[PDB]
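Inspection log for the structure reproduced underneath, given as C-alpha cells.
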Amino acid sequence: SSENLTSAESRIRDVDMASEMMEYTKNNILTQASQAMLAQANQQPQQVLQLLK
Amino acid sequence: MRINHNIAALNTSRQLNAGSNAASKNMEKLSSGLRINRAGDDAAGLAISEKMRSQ
C-alpha cells in the first residue's frame with residue numbers, strides 16, 4: 001500500500017521531466033522572438049528624423 | 001519521466017526484501033534440521049510434537 005500510494009502521489013505531485021523541458025524551451029524561444037522584435041519596434045520611430053529635416 | 005520517485009526501483013526493493021526473508025527462513029530449517037522452529041511454522045505441529053516428545 002505504500003508503493004501503490006507513492007506511485008499515486010508521484011503522478012499527482014511530481015513533474016514530467018520530458019513534457020516540462022519541452023515546454024520550457026518553447027517559452028524560452030517565445031521570449032527571444034519578442035526580444036528580437038522589440039529591438040526593431042524601437043527602430044521604427046527613428047525614421048521620422050530624416051523627414052523632419 | 002518522473003524523477004522524485006522511482007516506483008520501478010521501489011517495487012523491486014520489496015521483492016528484494018521478500019526472497020531474502022524466505023531464504024533466511026529456509027536456512028533456519030536447514031541449519032537446525034527442524035521444520036518447526038517457531039510456533040508460527042505449525043501451531044498444531046508444535047502442539048503435537050511436544051506431546052510426542054514428552055511421550
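Residue numbers start at 1 in each chain; chains themselves are named A, B, ... in the order of the C-alpha cells; ligands are numbered from 1 in the order shown.
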
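Within 10 Å of chain A, chain B contributes the residues residues 1, 2, 3, 4, 5, 6, 7, 8, 10, 11 and 14 of chain B, using only C-alpha atoms.
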
Extract, using only C-alpha atoms, all DNA, RNA and protein residues at most 12 Å from residue 38 (chain B), discarding same-chain residues fewer than 5 positions from it, and format them as a list in words. residues 25, 28, 29, 32, 43, 44, 45, 46 and 47 of chain B

Go ahead and save the picked residues with C-alpha atoms, as a tab-separated table (two decimals), in the first residue's frame.
```tsv
chain	number	residue	atom	x	y	z
B	25	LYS	CA	13.56	-18.84	6.92
B	28	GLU	CA	16.88	-21.72	9.75
B	29	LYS	CA	15.33	-25.08	8.89
B	32	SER	CA	18.57	-26.73	12.79
B	43	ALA	CA	0.75	-24.40	15.64
B	44	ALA	CA	-0.74	-27.89	15.66
B	45	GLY	CA	2.64	-29.26	14.62
B	46	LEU	CA	4.23	-27.62	17.65
B	47	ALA	CA	1.47	-28.88	19.94
```

Pick out each residue of chain B that DSSP on the backbone tags as alpha helix (DSSP H); I need them as JSON, numbers by chain. {"B": [7, 8, 9, 10, 11, 12, 13, 14, 15, 16, 17, 18, 19, 20, 21, 22, 23, 24, 25, 26, 27, 28, 29, 30, 31, 32, 43, 44, 45, 46, 47, 48, 49, 50, 51, 52, 53, 54]}

Serialized selection, N, CA, C and O atoms, as a compact mmCIF listing (two decimals), in the first residue's frame:
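Contents of the output file part38.txt:
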```txt
# COMPACT_ATOMS: atom_id res chain seq x y z
N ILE B 7 9.37 4.34 -8.85
CA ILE B 7 8.46 3.26 -8.48
C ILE B 7 8.99 1.92 -8.96
O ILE B 7 8.75 0.88 -8.34
N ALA B 8 9.71 1.91 -10.08
CA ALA B 8 10.30 0.67 -10.57
C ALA B 8 11.32 0.12 -9.58
O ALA B 8 11.35 -1.08 -9.31
N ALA B 9 12.16 0.99 -9.02
CA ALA B 9 13.13 0.55 -8.03
C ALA B 9 12.48 0.31 -6.68
O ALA B 9 12.89 -0.60 -5.95
N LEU B 10 11.49 1.12 -6.32
CA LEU B 10 10.80 0.92 -5.05
C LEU B 10 10.03 -0.40 -5.04
O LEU B 10 9.97 -1.07 -4.00
N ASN B 11 9.45 -0.79 -6.17
CA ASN B 11 8.78 -2.08 -6.25
C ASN B 11 9.79 -3.22 -6.19
O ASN B 11 9.52 -4.25 -5.56
N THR B 12 10.94 -3.07 -6.84
CA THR B 12 11.95 -4.11 -6.81
C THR B 12 12.54 -4.29 -5.42
O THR B 12 12.97 -5.39 -5.07
N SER B 13 12.58 -3.22 -4.63
CA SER B 13 13.09 -3.33 -3.27
C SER B 13 12.23 -4.26 -2.43
O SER B 13 12.75 -5.06 -1.64
N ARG B 14 10.91 -4.17 -2.57
CA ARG B 14 10.02 -5.03 -1.79
C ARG B 14 10.22 -6.49 -2.16
O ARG B 14 10.24 -7.36 -1.28
N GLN B 15 10.35 -6.79 -3.45
CA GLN B 15 10.64 -8.16 -3.85
C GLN B 15 12.03 -8.58 -3.39
O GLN B 15 12.27 -9.77 -3.18
N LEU B 16 12.95 -7.63 -3.25
CA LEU B 16 14.26 -7.95 -2.69
C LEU B 16 14.14 -8.32 -1.22
O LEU B 16 14.73 -9.32 -0.78
N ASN B 17 13.39 -7.54 -0.45
CA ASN B 17 13.11 -7.92 0.94
C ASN B 17 11.86 -8.78 1.03
O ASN B 17 11.00 -8.56 1.88
N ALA B 18 11.75 -9.77 0.16
CA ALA B 18 10.77 -10.84 0.29
C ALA B 18 11.31 -12.20 -0.10
O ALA B 18 10.70 -13.21 0.26
N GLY B 19 12.43 -12.26 -0.81
CA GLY B 19 13.10 -13.51 -1.10
C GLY B 19 14.25 -13.69 -0.14
O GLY B 19 14.66 -14.81 0.15
N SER B 20 14.79 -12.57 0.35
CA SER B 20 15.77 -12.65 1.42
C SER B 20 15.15 -13.19 2.70
O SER B 20 15.75 -14.02 3.38
N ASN B 21 13.93 -12.75 3.03
CA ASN B 21 13.24 -13.29 4.19
C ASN B 21 12.96 -14.77 4.03
O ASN B 21 13.14 -15.56 4.96
N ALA B 22 12.51 -15.18 2.84
CA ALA B 22 12.24 -16.59 2.59
C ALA B 22 13.51 -17.42 2.66
O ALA B 22 13.50 -18.53 3.20
N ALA B 23 14.61 -16.90 2.12
CA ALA B 23 15.88 -17.62 2.21
C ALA B 23 16.35 -17.73 3.65
O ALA B 23 16.89 -18.77 4.05
N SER B 24 16.17 -16.67 4.44
CA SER B 24 16.54 -16.73 5.85
C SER B 24 15.71 -17.78 6.58
O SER B 24 16.23 -18.55 7.39
N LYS B 25 14.40 -17.82 6.30
CA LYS B 25 13.56 -18.84 6.92
C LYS B 25 13.96 -20.24 6.48
O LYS B 25 13.91 -21.18 7.28
N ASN B 26 14.35 -20.40 5.22
CA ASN B 26 14.76 -21.71 4.74
C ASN B 26 16.08 -22.14 5.36
O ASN B 26 16.29 -23.34 5.60
N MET B 27 16.98 -21.20 5.62
CA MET B 27 18.26 -21.55 6.21
C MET B 27 18.15 -21.85 7.69
O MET B 27 18.98 -22.59 8.23
N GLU B 28 17.14 -21.31 8.37
CA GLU B 28 16.88 -21.72 9.75
C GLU B 28 16.56 -23.21 9.81
O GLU B 28 17.08 -23.94 10.66
N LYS B 29 15.69 -23.67 8.92
CA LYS B 29 15.33 -25.08 8.89
C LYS B 29 16.52 -25.94 8.53
O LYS B 29 16.72 -27.01 9.11
N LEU B 30 17.32 -25.50 7.56
CA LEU B 30 18.44 -26.31 7.11
C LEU B 30 19.50 -26.45 8.19
O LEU B 30 20.07 -27.53 8.38
N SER B 31 19.78 -25.36 8.92
CA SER B 31 20.78 -25.42 9.98
C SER B 31 20.29 -26.27 11.15
O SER B 31 21.01 -27.15 11.63
N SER B 32 19.08 -26.02 11.62
CA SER B 32 18.57 -26.73 12.79
C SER B 32 18.12 -28.14 12.45
O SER B 32 18.16 -29.02 13.31
N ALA B 43 1.30 -24.43 14.29
CA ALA B 43 0.75 -24.40 15.64
C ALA B 43 0.39 -25.80 16.11
O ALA B 43 0.83 -26.25 17.18
N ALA B 44 -0.41 -26.52 15.32
CA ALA B 44 -0.74 -27.89 15.66
C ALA B 44 0.48 -28.79 15.58
O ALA B 44 0.58 -29.76 16.33
N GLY B 45 1.41 -28.50 14.67
CA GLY B 45 2.64 -29.26 14.62
C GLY B 45 3.47 -29.08 15.88
O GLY B 45 4.05 -30.04 16.39
N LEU B 46 3.54 -27.85 16.38
CA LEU B 46 4.23 -27.62 17.65
C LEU B 46 3.53 -28.34 18.79
O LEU B 46 4.18 -28.97 19.62
N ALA B 47 2.20 -28.26 18.84
CA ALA B 47 1.47 -28.88 19.94
C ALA B 47 1.63 -30.40 19.92
O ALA B 47 1.89 -31.01 20.96
N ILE B 48 1.47 -31.01 18.75
CA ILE B 48 1.57 -32.47 18.64
C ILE B 48 2.98 -32.93 18.97
O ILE B 48 3.18 -33.96 19.62
N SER B 49 3.97 -32.19 18.48
CA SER B 49 5.36 -32.57 18.70
C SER B 49 5.69 -32.67 20.18
O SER B 49 6.24 -33.67 20.64
N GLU B 50 5.35 -31.63 20.94
CA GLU B 50 5.69 -31.61 22.36
C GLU B 50 5.02 -32.74 23.12
O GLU B 50 5.65 -33.35 23.99
N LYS B 51 3.76 -33.02 22.82
CA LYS B 51 3.11 -34.20 23.38
C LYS B 51 3.90 -35.44 23.00
O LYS B 51 4.14 -36.31 23.84
N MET B 52 4.30 -35.53 21.74
CA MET B 52 5.04 -36.68 21.26
C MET B 52 6.39 -36.82 21.97
O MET B 52 6.73 -37.90 22.45
N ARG B 53 7.16 -35.74 22.03
CA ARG B 53 8.46 -35.79 22.69
C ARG B 53 8.32 -36.20 24.15
O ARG B 53 9.07 -37.04 24.65
N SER B 54 7.35 -35.60 24.84
CA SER B 54 7.07 -35.95 26.23
C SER B 54 6.80 -37.44 26.37
O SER B 54 7.27 -38.09 27.30
```
